[PDB]
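Presented below, as structure tokens, is a lone chain in the form deposited in one PDB entry.
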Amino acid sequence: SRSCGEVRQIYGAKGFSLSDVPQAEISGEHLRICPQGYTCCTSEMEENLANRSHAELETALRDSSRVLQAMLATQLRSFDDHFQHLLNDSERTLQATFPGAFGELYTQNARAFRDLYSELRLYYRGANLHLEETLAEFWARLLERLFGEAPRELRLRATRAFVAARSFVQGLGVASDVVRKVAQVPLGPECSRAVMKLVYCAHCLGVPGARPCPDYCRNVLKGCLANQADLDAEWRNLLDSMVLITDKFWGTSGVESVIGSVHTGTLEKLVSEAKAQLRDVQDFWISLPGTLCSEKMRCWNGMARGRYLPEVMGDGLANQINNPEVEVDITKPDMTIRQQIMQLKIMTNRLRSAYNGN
């Protein structure tokens, strides 16, 4: 008892200097973060351990962000490349059948057809948002190069198909960007305090083998990630809209059939997998506290070993007003996070609009 051996062992395994560690327990009068009591930690050790815990939590968060980003990027690239390939192969089928099938009108107008397809690619890329004018001019210089009353319907169908595809890809890209920018938001100093007291203060108070209580760590991380948790609602909204817009991919007027029919398996599986991934990460913004506590981090409640009494806080900034472990100013939001929320709102609007109308 009262020996600093084990704490010295752990503090040494951290790579830190072994000169700064006391032989036995000293007075904890000097401890700023950890509750003051007989301890094996000097102020030096306290600061060092604090820095360590903070850097570790940072690393975990950044890792989660990297995983999510990678997934969304993969989905994005997949759907984008496929949507490109459908049209490109519609053009290859075109060039294969059409000249061999019928008259010199085609072979003379071939560059005009190529320009039509290229303009459709520009429409899909979002470089040109009005296809009515470009189509009307296509028919104008096709007429002046001479295609019945129909297919004016192909205009409408291509419109509603291509806007759906573009909206889905844009959605994936936007989610990816939101995650990207939010990931660079730094942790608060009070959050760093609470985290230190969550992790290494157990070591400092003489219980180095003690495990942090689940509700305790939970409240701490809900205190730290409170701003990130505000993204929940709009995130779910965007994901819901992205799940919705894939319904337009199917049917004779469906996106697939339309992008394939411009001359007149796969995407289904991709859409299924996408649905799986999105329904997996719908919980993302509020899931972090529960995830990091259950994996990377009878029990240590922050004072001593024992039960953790306080009940777990709700998700979001405002619900942290009474947070026992960390002190949150709910009057100050993170403006970056709020901006990203706005972005989510915008893209969600675009997707809803794309779903039910013009």
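For clarity, a rigid core is taken as the largest C-alpha set superposing within 1.5 Å between two forms. Residue numbers here begin at 1 and follow the sequence given.
The discussion below concerns the form deposited in another entry, not included here.
Participant: Given a cut-off of 2 Å on Cα movement between this form and the one not shown, rigid core as reference, pick the single residue from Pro189, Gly209, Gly251, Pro186 that exceeds or meets it.
Facilitator: Between the two forms, the residue that moves is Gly251.
Participant: Would the C-alpha of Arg157 be classed as shifted by 2 Å or more between this form and the one not shown after rigid-core alignment?
Facilitator: Superposed on the core, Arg157 moves its C-alpha 2 Å or more between this form and the one not shown.
Participant: So, superposing on the core, is the move of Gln282 at the CA at least 2 angstroms between this form and the one not shown?
Facilitator: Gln282: C-alpha displaced by less than 2 Å between this form and the one not shown.
Participant: Aligned on the rigid core, do the two forms place the Cα of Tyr117 2 Å or more apart, comparing between this form and the one not shown?
Facilitator: No, the C-alpha moves less than 2 Å.
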